[PDB]
Amino acid sequence: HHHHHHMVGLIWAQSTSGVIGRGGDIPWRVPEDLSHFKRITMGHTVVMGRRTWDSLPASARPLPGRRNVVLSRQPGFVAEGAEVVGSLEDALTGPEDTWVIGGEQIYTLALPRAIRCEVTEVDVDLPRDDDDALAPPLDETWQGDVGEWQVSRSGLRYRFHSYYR
Ligand SMILES: NC(=O)c1ccc[n+]([C@@H]2O[C@H](COP(=O)([O-])OP(=O)(O)OC[C@H]3O[C@@H](n4cnc5c(N)ncnc54)[C@H](OP(=O)(O)O)[C@@H]3O)[C@@H](O)[C@H]2O)c1
Ligand SMILES: CCc1nc(N)nc(N)c1OCCCOc1ccccc1CCC(=O)O
């Protein structure tokens, strides 16, 4: 069951070790995760920190088919094709389904408001570094399921987790 009144969800991909980002990029190749990310977010509102906006390739700025919302404390930051807001509150003003798409700073900020998480886990040798962007923890309030391990065209093992509360 999926709730549809001010539903806030978080969607991320992470290594088993908990890394979501390094040096400004997502440090692995899983094309099936791009497919999975689009499948969930397409047509919905997407919320993202300024760093994540910067990390997008110009060919996906803004993310097509989604209402793009960008969080920045910088007064007057321009995000062409996206709405820029200065608080988590202004970001989540819409009642339509809204997916927080990263990065770590925004996951940590939106997590008390979220009632769904869609997590890709990637089995990649990626020992965590203090400068990485890291995955948010999931406490015991979450119910959910975990898919089977699959193998990517890139050779990496991955699997999908889906949680809710
Ligand atoms: N694996 C995944 O699923 C995934 C998904 C998305 C991103 N990533 C990776 O994660 C990294 C980015 O994550 P990050 O945590 O470093 O950055 P981030 O969360 O994407 O963005 C950080 C920025 O958000 C703004 N911000 C934060 N809190 C705010 C608040 N309360 N009010 C207003 N604005 C606020 C600030 O922008 P200003 O400095 O402009 O003020 C801050 O610098 C990148 O390497 C990216 O590739 C991975
Ligand atoms: C696809 C990576 C990704 N995967 C999951 N499961 N959750 C995210 N929040 C996420 O990050 C979304 C922001 C970065 O997205 C991209 C990064 C590099 C190339 C293309 C895209 C997205 C393009 C699109 O979705 O249309």
# chains A, B, ... in the order shown; residues from 1 in each chain; ligands from 1
call {"tool": "residues_around", "arguments": {"residues": "residue A:43", "least_positions_apart": "2", "cutoff": "12 Å", "atoms": "only C-alpha atoms", "output": "list in words"}}
result
residues 37, 38, 39, 40, 41, 45, 46, 63, 64, 65, 66, 67, 68, 96, 97, 98 and 99 of chain A
call {"tool": "write_last_selection", "arguments": {"atoms": "C-alpha atoms", "output": "mmCIF file, in the first residue's frame"}}
result
data_model
loop_
_atom_site.group_PDB
_atom_site.id
_atom_site.type_symbol
_atom_site.label_atom_id
_atom_site.label_comp_id
_atom_site.auth_asym_id
_atom_site.auth_seq_id
_atom_site.Cartn_x
_atom_site.Cartn_y
_atom_site.Cartn_z
ATOM 1 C CA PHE A 37 15.260 5.242 -10.303
ATOM 2 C CA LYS A 38 13.342 6.538 -13.341
ATOM 3 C CA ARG A 39 10.584 3.957 -12.879
ATOM 4 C CA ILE A 40 9.802 5.164 -9.351
ATOM 5 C CA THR A 41 10.305 8.913 -9.756
ATOM 6 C CA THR A 45 8.130 15.773 -7.642
ATOM 7 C CA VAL A 46 11.834 15.247 -6.875
ATOM 8 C CA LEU A 63 15.552 15.638 -14.583
ATOM 9 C CA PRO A 64 12.957 15.238 -17.347
ATOM 10 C CA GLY A 65 9.360 14.325 -16.635
ATOM 11 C CA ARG A 66 9.627 15.298 -12.968
ATOM 12 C CA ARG A 67 9.039 18.502 -11.029
ATOM 13 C CA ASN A 68 12.585 19.452 -9.964
ATOM 14 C CA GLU A 96 1.649 15.229 -4.746
ATOM 15 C CA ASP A 97 3.967 12.274 -4.149
ATOM 16 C CA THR A 98 7.455 13.670 -3.533
ATOM 17 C CA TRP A 99 10.739 11.729 -3.720
#
call {"tool": "residues_near_ligand", "arguments": {"ligand": "ligand 2", "cutoff": "9 Å", "atoms": "only C-alpha atoms and all ligand atoms", "output": "tab-separated table (two decimals) with C-alpha atoms, in the first residue's frame"}}
result
chain	number	residue	atom	x	y	z
A	10	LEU	CA	13.57	8.69	0.03
A	11	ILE	CA	15.26	6.89	-2.86
A	12	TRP	CA	18.98	6.15	-3.00
A	13	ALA	CA	21.51	3.58	-4.15
A	14	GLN	CA	24.34	2.57	-1.84
A	20	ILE	CA	26.27	6.79	-1.73
A	25	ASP	CA	29.85	11.22	-8.25
A	26	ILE	CA	28.11	7.93	-7.65
A	30	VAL	CA	24.67	-0.10	-12.41
A	31	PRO	CA	22.51	0.83	-15.43
A	32	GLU	CA	19.55	-1.18	-14.05
A	33	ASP	CA	19.56	1.28	-11.12
A	34	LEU	CA	19.10	4.19	-13.50
A	35	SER	CA	16.12	2.27	-14.94
A	36	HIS	CA	14.82	1.60	-11.39
A	37	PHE	CA	15.26	5.24	-10.30
A	38	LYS	CA	13.34	6.54	-13.34
A	39	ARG	CA	10.58	3.96	-12.88
A	41	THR	CA	10.31	8.91	-9.76
A	42	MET	CA	8.92	9.61	-13.24
A	48	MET	CA	17.49	17.28	-4.02
A	52	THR	CA	23.17	16.62	-6.12
A	53	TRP	CA	21.87	19.09	-8.71
A	55	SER	CA	26.32	16.20	-9.82
A	56	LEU	CA	23.72	15.62	-12.54
A	57	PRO	CA	25.03	15.51	-16.13
A	59	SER	CA	21.83	16.14	-20.26
A	60	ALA	CA	19.65	15.52	-17.15
A	61	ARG	CA	19.47	19.04	-15.66
A	62	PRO	CA	16.58	19.29	-14.98
A	63	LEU	CA	15.55	15.64	-14.58
A	64	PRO	CA	12.96	15.24	-17.35
A	65	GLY	CA	9.36	14.33	-16.63
A	66	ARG	CA	9.63	15.30	-12.97
A	99	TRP	CA	10.74	11.73	-3.72
A	100	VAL	CA	13.89	12.96	-1.99
A	101	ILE	CA	16.68	11.92	-4.33
A	102	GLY	CA	19.83	12.99	-2.40
A	103	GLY	CA	22.32	13.70	-1.25
A	118	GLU	CA	13.48	2.67	-1.99
A	119	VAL	CA	17.07	1.49	-1.65
A	120	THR	CA	19.34	-0.13	-4.20
A	121	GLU	CA	22.19	-2.05	-2.61
A	160	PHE	CA	16.40	-3.61	-4.31
call {"tool": "closest_residue", "arguments": {"among": "A:86, A:81, A:9, A:75", "to": "ligand 1", "atoms": "only C-alpha atoms and all ligand atoms"}}
result
A:86
call {"tool": "closest_residue", "arguments": {"among": "A:125, A:93, A:16, A:134", "to": "ligand 1", "atoms": "only C-alpha atoms and all ligand atoms"}}
result
A:134
call {"tool": "closest_residue", "arguments": {"among": "A:2, A:80, A:114, A:135", "to": "ligand 1", "atoms": "only C-alpha atoms and all ligand atoms"}}
result
A:135
call {"tool": "residues_around", "arguments": {"residues": "stretch 140-148 of chain A", "least_positions_apart": "2", "cutoff": "6 Å", "atoms": "only C-alpha atoms", "output": "list in words"}}
result
residues 159, 160, 161, 162, 163, 164 and 165 of chain A
